[PDB]
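The chain below stands alone and is given as structure tokens, in the form deposited in one PDB entry.
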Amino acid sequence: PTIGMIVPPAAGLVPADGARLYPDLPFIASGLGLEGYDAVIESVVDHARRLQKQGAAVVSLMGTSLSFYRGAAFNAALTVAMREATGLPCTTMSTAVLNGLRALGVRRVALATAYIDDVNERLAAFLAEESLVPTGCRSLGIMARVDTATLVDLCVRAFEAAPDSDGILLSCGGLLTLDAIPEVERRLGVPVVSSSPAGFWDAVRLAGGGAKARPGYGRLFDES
């Protein structure tokens, strides 16, 4: 069943992880362009309707600011609005992350972002609203001169800030995320959830059938 994704850039490309994780599945995407919540809700609902018209069986909102920054209740209400607009099962990358952390038994979660501290602050408020425990946070600041090596280093530093954590949430970074995740899990013995990959994992479960991801991309993809 075709999975539709709402994406931040105007180009509306399927995020690059889908071809790595699920190369045999049909994905389409629609791009929004760019507390301006009024315009956000309306474009989200509009683009969900578009993906429905294009033949999506499920729709996921796939962007970071969009799914997390306005809180858990907002995330939940916008999901309902999309479902009412469209008549399809709808979800968001924030939900996918929550579903992923929960599947992996991660209550106490360290946060790692390539970007700035504010990314971690906002994800952490969302997660606490949903009754997870944010623990240590590290960021890099903001270009793709960051290698897998430094994505791995970042997560390890976030974790060492609170070695009692159950798992790690990695956000931003980007292309090299799916390479870092298994190294980090190997070195720490703790799972790592990353936003975009969790979005794909979650949207694939929502759609049904039991498609599995290609191997080598982390403990999450072993979760049904």
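Residue indices: 1-based, along the sequence shown. So that the term is clear: the rigid core is the largest set of C-alpha atoms that superpose within 1.5 Å between two forms.
Visitor: For the stretch from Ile142 to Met143, please bin the deposited residues that the model skips: none, 1 to 3, 4 to 9, or 10 or more.
Guide: Gap size class: 4 to 9 residues without coordinates, per the record.
Visitor: How many residues that are in the deposited sequence but not in the model lie between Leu34 and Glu35: none, 1 to 3, 4 to 9, or 10 or more?
Guide: In the record, 4 to 9 residues between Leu34 and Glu35 lack coordinates.
Visitor: Could you settle it for me: does 171-179 or 64-72 have the higher average Cα B factor in the PDB entry?
Guide: Per the deposited B-factors, the answer is 171-179.
Visitor: Do the C-alpha atoms of 49-57 or of 152-160 have the higher average B factor in the entry?
Guide: Looking at the recorded C-alpha B-factors, 152-160 comes out higher on average.
Visitor: Among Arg102, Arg83, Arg138, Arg108, which residue carries the highest C-alpha B-factor recorded in the PDB entry?
Guide: Within the set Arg102, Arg83, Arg138, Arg108, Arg138 shows the top C-alpha B-factor.
Visitor: Name the residue from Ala96, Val119, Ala77, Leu127 with the greatest C-alpha temperature factor listed in the entry.
Guide: Most elevated C-alpha B-factor of the set, per the entry: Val119.
Visitor: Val146's Cα B-factor: lowest, middle or highest third of the chain?
Guide: Within its chain, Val146 is a highest-third residue by C-alpha B-factor, going by the deposited values.
Visitor: Taking the values exactly as deposited, rank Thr92 by C-alpha B-factor within its chain and report the matching third: lowest, middle or highest.
Guide: Its C-alpha B-factor, which the entry lists for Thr92, ranks in the lowest third among residues of this chain.
Visitor: Grab the CA temperature factor for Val44 from the record and place it in the lowest, middle or highest third of its chain.
Guide: According to the entry, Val44 has a C-alpha B-factor in the chain's lowest third.
Visitor: What third of the chain, by the recorded C-alpha B-factor, contains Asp38?
Guide: It falls in the top third of the chain.
Visitor: Rank-wise, by C-alpha B-factor, drop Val204 into the lowest, middle or highest third of its chain.
Guide: For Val204, whose C-alpha B-factor we compare with every modelled residue in the chain, the answer is the lowest third.
The discussion below concerns the form deposited in another entry, not included here.
Visitor: Hey, after the core superposition between the shown form and the other one, which of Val40, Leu178, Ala29, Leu188 has the C-alpha moving 2 angstroms or more?
Guide: Flagged residue: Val40.
Visitor: Does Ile116 move its CA by 2 angstroms or more between the shown form and the other one when the core is aligned?
Guide: Shift of 2 Å or more: yes.
Visitor: Using the form shown as baseline, tell whether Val119 and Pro182 are closer or farther in Cα-Cα distance in the other entry, where the change reaches 3 Å or more.
Guide: More distant in the other entry, by 3 Å or more.
Visitor: Given a CA distance change of at least 3 Å, are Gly173 and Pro197 closer or farther in the other entry?
Guide: Compared with this form, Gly173 and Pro197 lie closer in the other entry.
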